[PDB]
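# Give me the fold of what follows.
(8 chains)
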Amino acid sequence: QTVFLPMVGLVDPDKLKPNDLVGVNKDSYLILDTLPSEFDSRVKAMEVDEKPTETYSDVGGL
Amino acid sequence: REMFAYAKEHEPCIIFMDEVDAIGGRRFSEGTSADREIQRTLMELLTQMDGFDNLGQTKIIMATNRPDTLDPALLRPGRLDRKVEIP
Amino acid sequence: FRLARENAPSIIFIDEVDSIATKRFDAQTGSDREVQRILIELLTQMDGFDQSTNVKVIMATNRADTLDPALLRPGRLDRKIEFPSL
Amino acid sequence: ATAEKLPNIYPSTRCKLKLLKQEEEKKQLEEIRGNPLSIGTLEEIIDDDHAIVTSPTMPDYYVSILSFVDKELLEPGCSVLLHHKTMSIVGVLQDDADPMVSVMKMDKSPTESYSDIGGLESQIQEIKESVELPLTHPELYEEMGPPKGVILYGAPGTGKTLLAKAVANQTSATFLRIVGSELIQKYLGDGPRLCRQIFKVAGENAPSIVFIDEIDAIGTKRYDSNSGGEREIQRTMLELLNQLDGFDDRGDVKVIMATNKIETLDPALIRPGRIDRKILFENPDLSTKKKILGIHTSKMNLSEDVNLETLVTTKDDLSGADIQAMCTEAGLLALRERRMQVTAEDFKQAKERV
Amino acid sequence: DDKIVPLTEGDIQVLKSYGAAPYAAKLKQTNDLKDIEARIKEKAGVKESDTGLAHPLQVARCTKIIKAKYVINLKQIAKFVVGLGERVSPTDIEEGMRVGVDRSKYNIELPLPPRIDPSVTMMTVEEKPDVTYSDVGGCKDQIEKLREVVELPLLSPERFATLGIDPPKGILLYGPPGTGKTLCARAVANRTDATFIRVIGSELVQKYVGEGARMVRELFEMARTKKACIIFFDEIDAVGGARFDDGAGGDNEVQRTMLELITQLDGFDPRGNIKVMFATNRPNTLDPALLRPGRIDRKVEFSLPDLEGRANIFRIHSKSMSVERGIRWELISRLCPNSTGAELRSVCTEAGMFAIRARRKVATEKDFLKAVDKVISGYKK
Amino acid sequence: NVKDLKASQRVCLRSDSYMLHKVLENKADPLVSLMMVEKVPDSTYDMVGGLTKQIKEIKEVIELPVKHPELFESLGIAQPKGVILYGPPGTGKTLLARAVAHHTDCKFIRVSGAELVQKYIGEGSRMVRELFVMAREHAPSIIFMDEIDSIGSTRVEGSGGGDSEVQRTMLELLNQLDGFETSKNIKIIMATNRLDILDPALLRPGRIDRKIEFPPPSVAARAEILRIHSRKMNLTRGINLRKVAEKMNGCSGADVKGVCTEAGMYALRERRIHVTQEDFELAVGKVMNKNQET
Amino acid sequence: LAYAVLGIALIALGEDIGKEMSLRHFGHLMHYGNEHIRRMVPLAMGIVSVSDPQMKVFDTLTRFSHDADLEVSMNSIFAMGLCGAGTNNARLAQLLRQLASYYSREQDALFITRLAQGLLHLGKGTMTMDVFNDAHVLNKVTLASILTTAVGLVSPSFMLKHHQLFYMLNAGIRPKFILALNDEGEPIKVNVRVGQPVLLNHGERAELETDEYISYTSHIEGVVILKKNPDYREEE
Amino acid sequence: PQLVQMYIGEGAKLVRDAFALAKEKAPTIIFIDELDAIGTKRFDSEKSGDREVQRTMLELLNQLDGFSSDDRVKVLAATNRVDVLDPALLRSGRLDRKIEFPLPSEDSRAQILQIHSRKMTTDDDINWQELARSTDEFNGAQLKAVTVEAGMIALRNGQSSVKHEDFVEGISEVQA
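Numbering: from 1, shown residues only, chains lettered A, B, ... in the order given. Please find the structure below.
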């Protein structure tokens, strides 16, 4: 749903740009917050083991 | 068309469509995988190309790594006047 | 289509209709359900509407096999023409 | 006289039936439910006496049953009574319908009885003993057990098809007739679901008679799983085999195999110890032919010029259908003759055609 | 007619009794409260959703609270994530009664799992199968290793750790499929009461894409949920084995469905607890990536021993039948070549009709000899 | 009632009461997917006329079975539940089927064959019952499979694994029509000029009972068919149709139409609702151009 | 409702070929969480079991053995002995191998199993009770032998008194019986079609047989006395 | 398989998804198993047959095409063997390095079996190279399988320590 608004209070024209996560009053369609792009889907099934610790002594010869 | 029209307004514009075999190409059995989506999309360009829509100041670069992977009708003039080899 | 009848006489042309040619042949979920209706519509509207012709359905085809005889039904798509000729 | 007393008896039964105090209490239990209420589909279950649901509009709300009727009466992914408030499960809701499975002849104790089909009996024992016998279930008890299914051969419409329902009629279980060519699709994996849907029914409606006709196509192992060879061939069959080699019965759900392409099939597709039975229809010998002859010949009206032996000996060893078939066009000739009593000539004609 | 109608006369009055009867205690008890209590009780629960207009769950609509709404929509209406910072709600994020992440995870937990899965498991699992010793007759050599592969590690995991090892993490079964084969898996499954997942590769390739992938995950998901569970595949040949049919190009996903199965089963899955077991006709068809150790370790036939195994197996089977105690199963077993712990029922099971044709309680030698002949000749395959 | 009710039923629902306000006309119902049903189509058999020996045979194999089956029950047979026609192709061969089917008062069905066995599993399949299903509903109903029969107006020349799989898909249905059903004057018309492409078990009785076969025509048939289609279009005398049909050769009943159309197309281009013979005489070529063309 | 919970308990007895609901309803009744059902239905199944008992719950009793109760188990052992007494396997299949797989987890279980497996092999494992018989008339001798055992046979169970209650059913308890008798008619050689087991001499075992040979009045299942075709005539 | 989806270009989206949030966590090594999953474009204009696995590759290629200098993005793709080739599949800034994983040599296996034999209780009847010699081209876990089996064996032998014979018997457990 497309609304015009005079650019709301909590946001910055640089924060502002197309394709973004933003807090918006759902009712008022008043943008509350800019939102960081974070839960833009990690397809959470995507498996990130963060830098697990494994040696090269793990399987030799290679 | 936003890609057309924005460019059509913002022309000169270069339109470069990456390696277009998912949204390009002649498809398969030409059955429906949602291929009917592709054909449309495949045709949407065709419509802008074999249709009266020109490249006013906005031009279109087609991209493929293999050419033979494309709709024969796509290769046609009125759509493509150049098949760009890179030996 | 009606607007053409509202504008009668007029023309209906369709670029390479085949995009909508074959409907859900199967349970095709999204976007294939309407190509049913849209076709069925056109079918309904070809197959269901008068012959007093102020407007002529016209459709380009490179590849006609995506289509079905419901378009090729007589009274509706009567006249095939083929872009080629040695 | 007693018919009156019988009728009112039937009537008084209707009254008490409708009489379902408790009525108020039942209405109290309805007056619970409120109305009108909302359809919605199940998803999963927990003991919670709260569970959430599935909707076309797709609200999914975590909701209790109104509890007299039961969760366990139902399965996940099934339409349930829901309020319009929280879509509260009001109770057990069918979600009856499910009137579809892949391609089948849906029939039970079918028309064909072994009497009907012309005497084939020599192999009827095969199908009888393997199936009809445990269908009585009495002797099979001591017998300690019964094969899975049989394998027809010979010609359909006489041997294969006629026999098929003979015992299917006789045992009066749910006869499920299909062709593999009535499967596929050329696509991969619902060929199994086709079977599954069938086997869903097969599992569900037991007792049943599974039938299968002409596996020319879904059944051929070829030599290869690659190089153009359509997976779905085996891909189907294997699953058909899984439910086949995953089940034999003591006389409940019985299977039938009808086709001419035999070793197109896996040995475990038969899996002896399970499928012990090859039916093969032959050309009925003159007597056995005469056996079928007298049946269909006589049930055809005719003139006494006709004789069985007049027909019998004149024959090339026809199919038991050609009996029927000769008999068939035979009258058609008499119809072209526009007569109700057929001569002997039409028979020779109709046969030497067909 | 008349006298029968007397029975018919008795029929009417008898039915009228209950009709008369049923009305009686009907007067007594006068059913709102079974539910209207629970109803109004759970009407709170209802309303407990109904504020803010609100184990798969699929979608939580916990709706429109703005200060706050504390929910995920995974759905084409108003997709939602509570997170970005520390974002919870004390017991429950919010509402629907639904409270939680839908399925698709956003932060953690949050409100304990609202989750998990759509399409249930379209695959379905029987735990503690109807087979413990069921087809275990004659099946020893296999199970002998299976018990090692499956039973003992389920029994005493410690030993392998005491050793410093695990059980064979994956195992192959081949020969006539499922014949006792799956059931034999089901056997030790119910022998050990571990969770026995019967998943057929038939289930894996369906009308769509990521199909078994989706499954295999949910599989591998509820694998770990059902931990100490037997993932069992009959028809590894369904998805196929190693192949170049990616050279054709349509098979790719089907191939990947294996690679799916291949990939995920490899790295993180405990196979000392979560058992993985494969059943085929053709072990020759394997994608070697399957045959890889730490994926498939043990490899076993179903199988078809000797004269001797069959006898017992026969002896095992025929105990169902009334059987002549003079005649020897050894006698019968001598005659037949080696054949399946299924087929060996054709030995016994067919003779029942022999026993009924011969009208014996106890089938004679020839009854089985014929059966041996009859069946084996009746093969011609 | 609850009983007066039916599913799908168009009804006034009390909007916010969500109870029936009243009932409307339910709307229904054929379908698509290439199994669709045109219900008792119209043509009259005289219009390909001259074939009537076939037609009579057809009537004998269909109409008389349809019109009075019990004559054959009186005879005590199982009358044809499906029919064959074999011979010259393309007269408007459909007319042969429709006109009878019209005459019979039976839903006359067309189905694209290979759309009963596809890649995608079960939908080509599920159609099979539903086909068979509606078939019995509006029975007596004549079925005709498109894309199979070689009689030549509907001819695709079948298929080897495609519609052999379909006709078998029909054959058990045929056998299903031989099943507990035994519902007759439901006639699947497989009227075709090449059987070998198909399992001759289709010829087995109960499926194709009375096996009848078409036969090519000629000038006279054309002249007739001509005088039938020329009949249709608006004309002018001085016109011998035979001569045209004489000029016609290697032509068929459908092909005749095109001749007529062109005659008008000429005349229309001549600005005539009045057609001479000369025009037809040209269309002969123009069609026999096409007849000789591809 | 307390002994309304006993309501269909006496119904099991009745009962006729239906009996039909019992074997089908019994499974539902017994499952009712009230132990007075879970006590009684296992008992009530008995004449049903020799006239129409459950085919599925036979295993379910094993499941519910310890479910809410060990007396259910004490019944589930005992009850299987009951229904499995002299009626064995076949219709009763799921019940008895569980007794054959019932031995002892408890000396009372062992007691009850010894009871039950005694009951299992009661009558050498071949017995059946149908008070009515194929003489087209019901028997109220045994009918009196039964609800007697309902208030009784409670030695383990509710309404409990004492152990001697066990045999009050014997007033009708019959073997699995085909009584096949000759044209003179005190016991002598005579024979039938096949049983399981052979041509049955005077009173030799089977149940519910429709044979080749003719009875005297109204040939039937069960007891049939044997006259033979004057040409082919025999004691048999 | 996740990149393999029903939604059209879902994978590409996923790939983009995979791309971006990883670019946050970048420096990142993105591991890919059996690329040939998504590694076949076929030959043709029938490529919509799998547009997913293809375009996802193409999308990936484009992602691999989108940058050069980011070592923050590291892209690691394993196959048994690759199917189609690309100078995207070999490129600076795209997949640069075609990296063989040869089934190891025996001392290398003796080297790997070492690591597997490592955590095992052992009496050192062991000689690795022997085992290593008797073994052929085991990717590590077959040694580990031997390691595994030898243990179960060693228990069946009663042995707390695992011995050479035990391992021999792991080998003896049919390695083919």
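
# any idea which residue sits dead centre in chain G?
Ranked by distance to the mean C-alpha position of chain G (CA atoms, centre = their mean), the top residue is residue G:50 at 3.1 Å.

# dump the residue contacts of that residue.
Applying CB atoms under 8 Å, 6 or more residues apart in numbering or on different chains, we find residue G:50 in contact with G:83, G:86, G:87, G:127, G:128, G:129, G:130. C-beta: built from backbone N, CA, C; applies to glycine.

# State the next helix or strand along the chain beyond the longest helix seen in chain B.
The single longest helix within chain B, with elements called by DSSP state H, is helix B:35-49. Toward the C-terminus, helix B:35-49 is succeeded by strand B:58-62 as the next helix or strand (DSSP states H and E).

# quick revisit: which residues are contacting the longest helix of chain B?
So helix B:35-49 is contacted by B:1, B:4, B:17, B:22-25, B:27-28, B:30, B:53, B:60, B:71, B:73-74, B:78-80, C:15-16, C:18-20, C:22, C:31-32, C:35, C:66, H:8, H:48, H:51 (CB under 8 Å, 6+ apart).

# ok, 7 Å please
With contact meaning CB atoms under 7 Å, 6 or more residues apart in numbering or on different chains, helix B:35-49 is reached by B:4, B:23-24, B:27-28, B:71, B:73-74, B:78-79, C:15-16, C:18-19, C:22, C:31-32, C:35, H:8, H:48, H:51.

# Restricted to helices, list those.
Those of the contacts of helix B:35-49 lying in helices (DSSP H): B:4, B:73, B:74, C:32, C:35, H:51.

# Flag every residue of chain G that's near chain E.
G:194, G:196, G:197 (CB under 7 Å from any CB of the partner chain).

# brain fart, the stretch 51-200 of chain D
Going by CB under 7 Å from any CB, the residues of the stretch 51-200 of chain D near chain E are D:52, D:54, D:58-64, D:66-68, D:76-77, D:83, D:85-86, D:88, D:129, D:133, D:139, D:142-145, D:147, D:187-190, D:192.

# Sitting in strands, which of those do you find?
residue D:54 (DSSP state E).

# Which among the residues of the stretch 51-200 of chain D next to chain E count as buried?
Among those, those buried by neighbour count (16 or more other CB atoms under 10 Å in any protein chain shown) are D:52, D:54, D:58-64, D:66-67, D:76-77, D:83, D:85-86, D:88, D:129, D:133, D:139, D:142-145, D:147, D:187-190, D:192.

# Can you get me a residue count around the nearest residue to residue D:42 once chain neighbours are set aside?
Once flanking residues are discounted, residue D:42 sits nearest to residue D:78: 4.3 Å by CB to CB, 6 or more residues apart in numbering or on different chains. Residue D:78: 18 surrounding residues under other CB atoms under 10 Å in any protein chain shown.

# about what we covered before: could you redo the residues of chain G next to chain E as TSV and give each row neighbour count, distance to chain A and secondary structure?
Output for those, formatted as TSV (neighbours: other CB atoms under 10 Å in any protein chain shown; distance: CB to the nearest CB, whole Å; DSSP: H, G, I helix; E, B strand; the rest coil):
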residue	neighbour count	distance to chain A	secondary structure
G:194	20	66	coil
G:196	18	61	coil
G:197	15	64	coil
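
# Of those residues, just say which sits nearest to chain H.
residue G:196 (47.3 Å; CB to the nearest CB).

# what residues are up against the closest one?
Taking CB under 7 Å, 6+ apart, one finds D:142, E:322, E:361, G:206 in contact with residue G:196.

# check contacts around the residue nearest to residue G:225 when sequence neighbours are not counted.
Leaving aside its sequence neighbours, residue G:225 sits nearest to residue G:181 (CB to CB, 6+ apart; 4.0 Å). Counting by CB under 7 Å, 6+ apart, residue G:181 touches G:190, G:202, G:203, G:225, G:226.

# Point to the residue nearest the middle of chain A.
residue A:37 (1.6 Å).

# number of nearby residues for residue C:77?
For residue C:77, using other CB under 10 Å, the count is 18.

# Which element, helix or strand, includes it?
Counting by DSSP H and E, residue C:77 is found in no helix or strand.

# do the same with residue D:72
Following DSSP H and E, one finds residue D:72 outside all helices and strands.

# chain center to stretch F:16-30: distance?
A distance of 36 Å separates the centroid of the chain from that of stretch F:16-30, by CA atoms, centre = their mean, to the nearest Å.

# quick one: that stretch near chain D?
Yes - under the criterion of CB under 7 Å from any CB, stretch F:16-30 makes contact with chain D via F:18, F:19.

# So is that stretch next to chain C?
No - shown here: stretch F:16-30 not in contact with chain C (CB under 7 Å from any CB), separated by at least 11.0 Å.
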